[PDB]
Structures are given as structure tokens and as C-alpha cells.
Amino acid sequence: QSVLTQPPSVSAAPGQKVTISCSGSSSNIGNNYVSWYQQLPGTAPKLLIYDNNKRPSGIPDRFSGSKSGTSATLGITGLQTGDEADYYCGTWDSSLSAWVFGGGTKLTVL
Amino acid sequence: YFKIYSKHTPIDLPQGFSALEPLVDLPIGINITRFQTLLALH
Amino acid sequence: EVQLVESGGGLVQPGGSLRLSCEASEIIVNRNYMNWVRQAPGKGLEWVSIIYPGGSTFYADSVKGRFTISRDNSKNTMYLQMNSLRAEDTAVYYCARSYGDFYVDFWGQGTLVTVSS
Amino acid sequence: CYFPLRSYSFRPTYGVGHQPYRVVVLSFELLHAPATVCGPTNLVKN
Ligand SMILES: *[C@@H]1O[C@H](CO)[C@@H](O)[C@H](O)[C@H]1NC(C)=O
């Protein structure tokens with residue numbers, strides 16, 4: 001049973017780096033590539049991070065992505081108000097032959 | 001299957017008689033309809 | 001400009017049938033690997049279906065058999081044939097281009113779907 | 001405008017599901033020509 005697990009929420013004040021951890025069984029995230037999407041309210045997911053570290057098409061900087069073993073980590077230096085959205089992590093689970101997404105974090109600025 | 005026989009002898013074909021012992025049997029898929037010899041001139 | 005616009009969403013009865021459609025501009029749906037993903041209100045994007053360049057399709061577990069994805073010959077538009085609906089198909093379907101199997105680059109705006117009487 | 005070929009970029013520390021599984025596919029074929037791939041016993045008298 002593989003569906004990546006993500007904390008229900010993460011919150012920090014502006015100026016404090018925000019860390020989000022997506023963990024899943026090594027069937028899909030230990031052998032394939034994570035990718036990270038941002039969903040602003042009432043809009044459509046906007047790709048944020050791809051291929052386990054990269055930052056496409058000039059996304060606002062300080063957005064970082066890393067992969068450690070069977071987990072993936074997103075990082076934002078400081079907690080800006082505009083960054084408030086839902087964050088999802090997606091990998092191609094070959095065992096299920098299906099895209100699998102995380103629970104989604106409600107990032108709230110303190 | 002190609003099949004080549006042969007008989008080298010020490011000598012207007014001769015009036016005698018000689019049987020041609022098999023030499024090779026080449027298993028090959030080809031359609032042969034025309035042949036031409038080669039020489040070793042200078 | 002790149003854009004994908006989807007229509008076909010509205011109220012429908014359980015067991016109904018719909019043809020949702022994904023219209024592609026600046027891009028060519030008969031080539032880029034296209035995907036239908038969904039998100040019920042208060043829920044998480046769930047992969048519904050991916051169409052490959054070569055015509056091959058993949059569908060999720062919950063959405064197997066009942067559904068169908070298709071790629072128009074000349075209209076530059078793709079369509080989902082949703083059949084045999086139930087309560088767990090209340091959704092805001094999106095169509096999205098996905099470089100290979102790695103990440104989903106472009107997302108359409110969203111087309112509500114409701115299963116109620 | 002995408003370059004088709006993409007690299008595996010194998011690493012030795014990955015899983016057993018991302019590690020180079022060498023593969024060989026043997027096809028046996030049968031025409032109307034003399035077959036020759038035939039792939040394989042004691043003597044006693046009186
Ligand atoms: C040789 O010619 C005949 C007549 O055309 C043909 O039926 C046969 O298949 C040919 N053999 C080969 C080796 O193709």
C-alpha cells in the first residue's frame with residue numbers, strides 16, 4: 001500500500017525557514033523522482049519543484065528541494081505571506097503504475 | 001543444399017572413366033540460375 | 001500563449017454519462033503526454049488518466065473500466081468519457097501536460113462535476 | 001521542443017528496482033531454408 005504521507009499542516013512566522021517532509025514507501029519515492037506542486041486558493045496546481053532538486057522557469061528563489069533515502073524535503077527560507085497555499089508531492093508509483101500524491105500541507109504564516 | 005563433387009586426375013576429353021567422390025554439401029538458401037568462371041591471367 | 005481549457009462540467013445523476021473535453025492551444029495534444037487529474041472539494045489531486053504519444057492509456061484503480069480517455073484526430077482536443085458514476089466521483093477535474101512520467105508542467109483551470117439528484 | 005533520449009544515470013546505492021538489469025532477448029526463427037541451429041551415448045558390442 002503506497003501513498004506518500006505528508007504532515008497535515010506546517011506553520012511558521014515570516015523570516016523563519018519552512019521545512020516540509022514527504023515520506024513514502026521506497027517502492028515509488030526510493031526508485032523514482034519526487035516533484036512538488038503549489039496550489040493557491042481557488043486556482044490550479046502550479047509546478048514548483050521537479051526532478052528531485054531543480055527549480056523550473058525562474059520560480060522565486062530560495063525554494064529548495066532535496067531527497068534523502070525514502071523521503072523528500074521542500075524548503076523556503078522565511079515564511080512569506082504570498083507563499084500561503086497547499087503543497088503536494090508526487091511520484092510515479094510503478095508498483096501501482098499510477099501517479100501518487102501526498103496529503104497536502106496547509107501552510108499558514110504566523 | 002548446394003553439393004560439389006570433384007576428381008583431380010593426372011593426364012578431347014579422355015575416353016576413360018572416373019567417378020566423382022563427394023567433396024562438400026553446403027547448407028545455404030539461395031536460388032542459382034547462372035554461373036561464371038574466373039581466371040588467373042596477368 | 002500556452003493554454004488548456006476544459007468544458008463539460010455540471011450536475012448529473014448517478015450512473016450518468018459525460019464527455020468532458022480538454023482543448024489545447026500553443027501545444028499539440030496528439031504528441032505531448034496528456035493527463036486527467038481530479039480533486040474533490042477538500043481533497044487531494046488524484047491521478048485519473050494519462051495518454052501517451054503512441055495512444056496507450058493508463059487509469060487509476062478506482063477509475064478503472066468505467067472511464068475512457070481519447071485523443072481527437074484533428075480538433076486538437078482530448079476527451080474523458082465518464083460512465084457509471086458514484087458518490088466518490090464528485091470532483092474538479094483538470095487536464096495537465098506531463099513531461100514523461102516525471103512531473104506535470106501545465107494545468108487547466110478546472111471543471112466541476114457533481115453526482116447528486 | 002524536447003530531445004528524445006534521456007539518461008538512466010545509474011548509481012550503485014539505488015534500489016533493486018532501479019538497478020541495471022541487463023537483458024537478452026533470444027528469438028528463434030523458422031524459414032523455408034535449411035535450419036542449422038541444432039543445439040544439444042555410449043558404445044557396447046556383442
Ligand atoms: C527461388 O525462385 C522461386 C520462383 O520464384 C521462388 O518460389 C523461391 O522462393 C525462390 N527461392 C528463394 C531462396 O527465395
# chains A, B, ... in the order shown; residues from 1 in each chain; ligands from 1
call {"tool": "residues_around", "arguments": {"residues": "segment 32-46 of chain D", "least_positions_apart": "2", "cutoff": "12 Å", "atoms": "only C-alpha atoms", "output": "list in words"}}
result
residues 1, 2, 25, 26, 27, 28, 29, 30 and 31 of chain B; 28, 29 and 30 of chain D
call {"tool": "interface_residues", "arguments": {"of": "chain A", "to": "chain D", "cutoff": "12 Å", "atoms": "only C-alpha atoms", "output": "ChimeraX atom specification"}}
result
/A:25-33,68-70,93-95
call {"tool": "interface_residues", "arguments": {"of": "chain A", "to": "chain C", "cutoff": "8 Å", "atoms": "only C-alpha atoms", "output": "PyMOL selection string"}}
result
chain A and resi 33-35+43-47+50-51+90-92+97-104
call {"tool": "atom_distance", "arguments": {"atom1": "atom CA of residue 7 of chain A", "atom2": "atom CA of residue 109 of chain A"}}
result
16.0 Å
call {"tool": "closest_atom_pairs", "arguments": {"of": "chain C", "to": "chain D", "cutoff": "12 Å", "atoms": "only C-alpha atoms", "output": "JSON lines"}}
result
{"residue": "C:27", "atom": "CA", "partner": "D:1", "partner_atom": "CA", "distance": 10.5}
{"residue": "C:28", "atom": "CA", "partner": "D:1", "partner_atom": "CA", "distance": 11.6}
{"residue": "C:31", "atom": "CA", "partner": "D:1", "partner_atom": "CA", "distance": 11.2}
{"residue": "C:32", "atom": "CA", "partner": "D:2", "partner_atom": "CA", "distance": 10.0}
{"residue": "C:99", "atom": "CA", "partner": "D:2", "partner_atom": "CA", "distance": 9.3}
{"residue": "C:100", "atom": "CA", "partner": "D:4", "partner_atom": "CA", "distance": 10.3}
{"residue": "C:102", "atom": "CA", "partner": "D:6", "partner_atom": "CA", "distance": 11.9}
call {"tool": "closest_residue", "arguments": {"among": "B:41, B:8, B:36, B:3", "to": "residue 23 of chain B", "atoms": "only C-alpha atoms"}}
result
B:3
call {"tool": "residues_around", "arguments": {"residues": "residue 107 of chain A", "least_positions_apart": "6", "cutoff": "12 Å", "atoms": "only C-alpha atoms", "output": "list in words"}}
result
residues 7, 8, 9, 10, 11, 12, 13, 14, 18, 19, 20, 38, 39, 40, 41, 76, 79, 80, 81, 82, 83, 84, 85, 86, 87 and 88 of chain A
call {"tool": "residues_around", "arguments": {"residues": "residue 20 of chain B", "least_positions_apart": "5", "cutoff": "7 Å", "atoms": "only C-alpha atoms", "output": "list in words"}}
result
residues 5, 6 and 7 of chain B
call {"tool": "write_last_selection", "arguments": {"atoms": "C-alpha atoms", "output": "mmCIF file, in the first residue's frame"}}
result
data_model
loop_
_atom_site.group_PDB
_atom_site.id
_atom_site.type_symbol
_atom_site.label_atom_id
_atom_site.label_comp_id
_atom_site.auth_asym_id
_atom_site.auth_seq_id
_atom_site.Cartn_x
_atom_site.Cartn_y
_atom_site.Cartn_z
ATOM 1 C CA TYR B 5 31.805 -33.164 -56.290
ATOM 2 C CA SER B 6 35.323 -33.398 -57.688
ATOM 3 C CA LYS B 7 38.013 -35.584 -59.203
#
call {"tool": "select_by_dssp", "arguments": {"residues": "segment 11-65 of chain C", "states": "strand (DSSP E)", "output": "list in words"}}
result
residues 11, 12, 17, 18, 19, 20, 21, 22, 23, 24, 25, 34, 35, 36, 37, 38, 46, 47, 48, 49, 50, 51, 57, 58 and 59 of chain C
call {"tool": "write_last_selection", "arguments": {"atoms": "N, CA and C atoms", "output": "PDB file, in the first residue's frame"}}
result
ATOM      1  N   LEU C  11     -24.143  19.440 -13.060  1.00  0.00           N
ATOM      2  CA  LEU C  11     -24.892  18.436 -12.320  1.00  0.00           C
ATOM      3  C   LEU C  11     -25.231  17.255 -13.221  1.00  0.00           C
ATOM      4  N   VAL C  12     -25.266  16.062 -12.626  1.00  0.00           N
ATOM      5  CA  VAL C  12     -25.636  14.854 -13.352  1.00  0.00           C
ATOM      6  C   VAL C  12     -26.070  13.811 -12.337  1.00  0.00           C
ATOM      7  N   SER C  17     -23.659   9.681 -17.805  1.00  0.00           N
ATOM      8  CA  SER C  17     -22.539   9.636 -18.734  1.00  0.00           C
ATOM      9  C   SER C  17     -22.231  11.044 -19.224  1.00  0.00           C
ATOM     10  N   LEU C  18     -20.947  11.393 -19.242  1.00  0.00           N
ATOM     11  CA  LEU C  18     -20.495  12.703 -19.679  1.00  0.00           C
ATOM     12  C   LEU C  18     -19.325  12.548 -20.639  1.00  0.00           C
ATOM     13  N   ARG C  19     -19.122  13.578 -21.456  1.00  0.00           N
ATOM     14  CA  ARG C  19     -17.930  13.705 -22.292  1.00  0.00           C
ATOM     15  C   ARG C  19     -17.242  15.002 -21.895  1.00  0.00           C
ATOM     16  N   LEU C  20     -16.360  14.932 -20.904  1.00  0.00           N
ATOM     17  CA  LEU C  20     -15.562  16.109 -20.604  1.00  0.00           C
ATOM     18  C   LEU C  20     -14.548  16.323 -21.718  1.00  0.00           C
ATOM     19  N   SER C  21     -14.172  17.569 -21.931  1.00  0.00           N
ATOM     20  CA  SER C  21     -13.235  17.746 -23.051  1.00  0.00           C
ATOM     21  C   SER C  21     -12.079  18.667 -22.658  1.00  0.00           C
ATOM     22  N   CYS C  22     -10.877  18.436 -23.199  1.00  0.00           N
ATOM     23  CA  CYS C  22      -9.684  19.267 -22.916  1.00  0.00           C
ATOM     24  C   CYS C  22      -9.225  19.866 -24.231  1.00  0.00           C
ATOM     25  N   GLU C  23      -9.272  21.194 -24.369  1.00  0.00           N
ATOM     26  CA  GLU C  23      -8.895  21.887 -25.631  1.00  0.00           C
ATOM     27  C   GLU C  23      -7.500  22.467 -25.476  1.00  0.00           C
ATOM     28  N   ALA C  24      -6.609  22.195 -26.427  1.00  0.00           N
ATOM     29  CA  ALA C  24      -5.192  22.581 -26.278  1.00  0.00           C
ATOM     30  C   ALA C  24      -4.761  23.611 -27.318  1.00  0.00           C
ATOM     31  N   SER C  25      -4.136  24.701 -26.882  1.00  0.00           N
ATOM     32  CA  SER C  25      -3.652  25.745 -27.820  1.00  0.00           C
ATOM     33  C   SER C  25      -2.159  25.992 -27.577  1.00  0.00           C
ATOM     34  N   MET C  34      -0.551  13.657 -22.301  1.00  0.00           N
ATOM     35  CA  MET C  34      -1.564  14.476 -21.592  1.00  0.00           C
ATOM     36  C   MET C  34      -2.198  13.719 -20.405  1.00  0.00           C
ATOM     37  N   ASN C  35      -2.624  14.390 -19.315  1.00  0.00           N
ATOM     38  CA  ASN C  35      -3.151  13.708 -18.103  1.00  0.00           C
ATOM     39  C   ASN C  35      -4.455  14.312 -17.566  1.00  0.00           C
ATOM     40  N   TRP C  36      -5.435  13.536 -17.058  1.00  0.00           N
ATOM     41  CA  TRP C  36      -6.657  13.959 -16.388  1.00  0.00           C
ATOM     42  C   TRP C  36      -6.483  13.653 -14.913  1.00  0.00           C
ATOM     43  N   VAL C  37      -6.503  14.685 -14.071  1.00  0.00           N
ATOM     44  CA  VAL C  37      -6.303  14.504 -12.601  1.00  0.00           C
ATOM     45  C   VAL C  37      -7.498  15.139 -11.907  1.00  0.00           C
ATOM     46  N   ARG C  38      -7.854  14.783 -10.671  1.00  0.00           N
ATOM     47  CA  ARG C  38      -9.097  15.313 -10.056  1.00  0.00           C
ATOM     48  C   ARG C  38      -8.868  15.744  -8.638  1.00  0.00           C
ATOM     49  N   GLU C  46      -5.749  13.468  -7.433  1.00  0.00           N
ATOM     50  CA  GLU C  46      -5.642  12.011  -7.582  1.00  0.00           C
ATOM     51  C   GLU C  46      -5.481  11.713  -9.059  1.00  0.00           C
ATOM     52  N   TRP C  47      -4.519  10.888  -9.415  1.00  0.00           N
ATOM     53  CA  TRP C  47      -4.312  10.682 -10.857  1.00  0.00           C
ATOM     54  C   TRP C  47      -5.469   9.873 -11.394  1.00  0.00           C
ATOM     55  N   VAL C  48      -6.158  10.376 -12.412  1.00  0.00           N
ATOM     56  CA  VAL C  48      -7.245   9.665 -13.076  1.00  0.00           C
ATOM     57  C   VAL C  48      -6.767   8.936 -14.326  1.00  0.00           C
ATOM     58  N   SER C  49      -6.206   9.682 -15.290  1.00  0.00           N
ATOM     59  CA  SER C  49      -5.676   9.025 -16.519  1.00  0.00           C
ATOM     60  C   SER C  49      -4.594   9.776 -17.310  1.00  0.00           C
ATOM     61  N   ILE C  50      -3.640   9.063 -17.960  1.00  0.00           N
ATOM     62  CA  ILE C  50      -2.520   9.660 -18.770  1.00  0.00           C
ATOM     63  C   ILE C  50      -2.578   9.099 -20.175  1.00  0.00           C
ATOM     64  N   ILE C  51      -2.508   9.958 -21.176  1.00  0.00           N
ATOM     65  CA  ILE C  51      -2.489   9.460 -22.572  1.00  0.00           C
ATOM     66  C   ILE C  51      -1.097   9.667 -23.153  1.00  0.00           C
ATOM     67  N   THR C  57      -2.996   4.170 -22.917  1.00  0.00           N
ATOM     68  CA  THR C  57      -3.690   4.842 -21.831  1.00  0.00           C
ATOM     69  C   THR C  57      -3.370   4.135 -20.525  1.00  0.00           C
ATOM     70  N   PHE C  58      -3.394   4.898 -19.437  1.00  0.00           N
ATOM     71  CA  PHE C  58      -3.317   4.327 -18.098  1.00  0.00           C
ATOM     72  C   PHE C  58      -4.367   4.986 -17.219  1.00  0.00           C
ATOM     73  N   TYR C  59      -5.044   4.183 -16.404  1.00  0.00           N
ATOM     74  CA  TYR C  59      -6.065   4.663 -15.486  1.00  0.00           C
ATOM     75  C   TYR C  59      -5.768   4.165 -14.079  1.00  0.00           C
TER      76      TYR C  59
END
